[PDB]
Amino acid sequence: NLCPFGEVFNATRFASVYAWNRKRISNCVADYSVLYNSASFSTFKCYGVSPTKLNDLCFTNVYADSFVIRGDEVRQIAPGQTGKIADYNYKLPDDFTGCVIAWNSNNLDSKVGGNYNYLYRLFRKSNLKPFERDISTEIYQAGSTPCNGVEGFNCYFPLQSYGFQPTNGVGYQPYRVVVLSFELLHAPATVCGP
Amino acid sequence: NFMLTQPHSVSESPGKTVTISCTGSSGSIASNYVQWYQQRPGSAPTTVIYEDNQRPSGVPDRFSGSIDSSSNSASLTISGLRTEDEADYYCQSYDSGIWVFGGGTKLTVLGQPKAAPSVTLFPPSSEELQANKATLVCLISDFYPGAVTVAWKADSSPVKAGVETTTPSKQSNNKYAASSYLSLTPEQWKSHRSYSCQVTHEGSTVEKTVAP
Amino acid sequence: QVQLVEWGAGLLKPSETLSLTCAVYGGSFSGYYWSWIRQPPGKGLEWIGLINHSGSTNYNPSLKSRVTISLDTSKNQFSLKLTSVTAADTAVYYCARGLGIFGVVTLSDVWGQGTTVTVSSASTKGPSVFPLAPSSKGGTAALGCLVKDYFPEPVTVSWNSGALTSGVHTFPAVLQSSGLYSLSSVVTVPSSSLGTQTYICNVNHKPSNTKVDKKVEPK
Ligand SMILES: *[C@@H]1O[C@H](CO)[C@@H](O)[C@H](O)[C@H]1NC(C)=O
């Protein structure tokens, strides 16, 4: 029984970062030889595990989180980082053990005139904890006058829209990010290499 | 389009410590893993460091690697320098899945006193100019360590057109010698008022000039 | 213990096709990526491409248009094809085994010893010798001779039929864009003996059995 990485890499659609999708991988054998995206990753870095050893290491669970941010934000998908994506959208713990993978998807997530389906949280009352998801839509109160659900002066809707035109600078182009987590928590191993 | 640039040469006495920097440009070095190769002359490269700082089985722990994100740099450090360590060192990473190598750094473990190069610049011969050709010849001899860089200047202006330098070769007295040849057209030779050969050895640069 | 060798071709003419084979002894191609790496003489390393057990490839864009890597699980071999060959394709060609994930090779553990491939369209030419004369007579003026455009190597140089041996330094050769070589030999003598003693350089290019003797004088 094979690990379903193909639906993580070859997925037609990707979640927005505030609503980041998590796939759970268990009870399979992992074929790590496949050249996903013709191995055309702008970022490829693990923390804790060695990619060299993964073919003969076993795990209890592999969690696969995926989303879309812009190019100069990928720097934040790493342990101990701060910024809008790390504070308000997707936070990695300082003790992260797993891989961050990212590629430029300007060819997919950019429209003439702009793709506006991808969102990110611009305001939040406090920073996210590691692996927290926040799908709230409450008007954010940026002043002293309370906001009773009305957008306006000092009253902001917390999600904003990435505007992905194919002519943007590369730092403003859409990137697909996959974040693999390798867990080994006092339980039987279900995910191994061949 | 990510560039990895390393120093051309680094040298140190045995038993001391040396480091070989490898700076990235047009991107961030921390986004991909850095591998370090050692290449002893006449053999294939072997890995000494992989994944920024891991040593393959059998590599002494006195090879160590490090990343300095403040300056977009990786660094190979070799401590307790032995003469077996003399080689070219290549750092290697990725640009969107394609391997990117560095220039290579030639590490000389000093086993001889340090000698500065002797450079002699000859102008094109009057005989060669009558065969509708013009070759400037830069002869550098008797230097240790065996590593140099050469830059040609035409009227105080960088020239990389017809320049072709050699790889330093070991002489009979155990010092090194190398050559550089700037191929010109006889008109280009007379059209300027001065051509120069600048040789860089260790950190000192010596220059010699000629005119028609 | 796993071991690699590459072989084939070696002497090529421009436009021809490079073909190399790499044989793997002591393992199989499973869970390893298999690359070709090349190194032009005196220059650095350049990754050509890789191939995995399934047969998928990823190529360097600098060569993609003209390069093919192919697998043969049956003979335990993989191959390189480089078409429309140029002199810039002269290098030492290595096959190497790799380790990693999803096409990113994070450790290349075993390499072959390497095969050289020379691309040239040069025939046996004899040297054309020119004099390198000294300038205005620190007390020791240097005069030499330039040995241009010969093939193949080597060229031996002596000075005054061997008697002159003091400052003689005969340097190594450049390979120019024509595919031919250029040498040089210098002698540093005192400025006083520049009107008194005749200095002659003796060139020998045993391949074409060309011997030249030329005198070098000032001005
Ligand atoms: C999706 O997967 C297939 C193999 O199952 C692969 O050949 C293809 O390149 C992938 N990407 C697509 C269809 O965009």
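Along the chain as shown, the residues are counted starting at 1.
Note: Cβ is positioned from N, Cα and C throughout, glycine not excepted.
For A:1-194, the entry in Swiss-Prot reads domain 'BetaCoV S1-CTD', with the evidence type experimental evidence.
Taken from Swiss-Prot, the feature disulfide bond applies to A:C3-A:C28 (among others). A coil conformation is recorded for A:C3 (disulfide bond) in the three-state DSSP classification, outside any helix or strand. Taking a C-beta cut-off of under 8 Å and a sequence gap of six or more, A:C3 (disulfide bond) has these contacts in its own chain: A:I25, A:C28, A:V29, A:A30, A:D31, A:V62, A:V191.
Spatially close to A:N10 (N-linked glycosylation site) yet at least six residues away along the chain are A:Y36, judged by Cβ distances under 8 angstroms. As annotated by Swiss-Prot, N-linked glycosylation site applies to A:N10, with the evidence given as experimental evidence.
Per Swiss-Prot, disulfide bond is recorded for A:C46-A:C99 (among others), and the stated evidence type is experimental evidence. Counting only same-chain residues at least 6 apart in sequence, those with a Cβ under 8 Å from the Cβ of A:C99 (disulfide bond) are A:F44, A:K45, A:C46, A:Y47, A:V49, A:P51, A:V179, A:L180. A:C99 (disulfide bond) falls within a strand when secondary structure is assigned with DSSP.
The disulfide bond annotation in Swiss-Prot covers A:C58-A:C192 (among others). Here the Cβ of A:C192 (disulfide bond) has 15 other Cβ atoms within 10 Å, regardless of which shown protein chain they belong to. DSSP classifies A:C192 (disulfide bond) as strand under the three-state reduction.
Within the chain, the region 'Immunodominant HLA epitope recognized by the CD8+' (A:115-123) has long-range Cβ neighbours (under 8 A, six or more residues past its boundaries) at 16-19, 68-69, 84-85, 88-89, 109, 134, 140, 142, 156, 158-164, 174. Residues or ranges marked as region 'Immunodominant HLA epitope recognized by the CD8+' in Swiss-Prot: A:115-123.
Annotation comment: Swiss-Prot describes A:122-157 as region 'Disordered'.
Annotation for A:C155 (disulfide bond): spatial neighbours A:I139, A:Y140, A:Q141, A:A142, A:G143, A:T145, A:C147, criterion Cβ-Cβ under 8 Å with sequence separation of six or more. For A:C147-A:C155 (among others), the entry in Swiss-Prot reads disulfide bond, with the evidence type experimental evidence.
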Quiz item: Among the recorded positions A:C3, A:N10, A:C46, A:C58, A:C99, A:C155, which have a Cβ atom lying under 6 Å from any atom of ligand 1?
Solution: A:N10
Quiz item: Out of A:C28, A:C46, A:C58, which has the highest number of nearby Cβ atoms, where nearby means within 10 Å of its Cβ, if these are the disulfide-bonded residues?
Solution: A:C46
Quiz item: Around A:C147 (disulfide bond), how many other C-beta atoms are within 10 angstroms of its C-beta?
Solution: 18
Quiz item: For the region 'Immunodominant HLA epitope recognized by the CD8+' (A:115-123), what are the DSSP-based totals of helix, strand and coil residues?
Solution: 0 helix, 4 strand, 5 coil
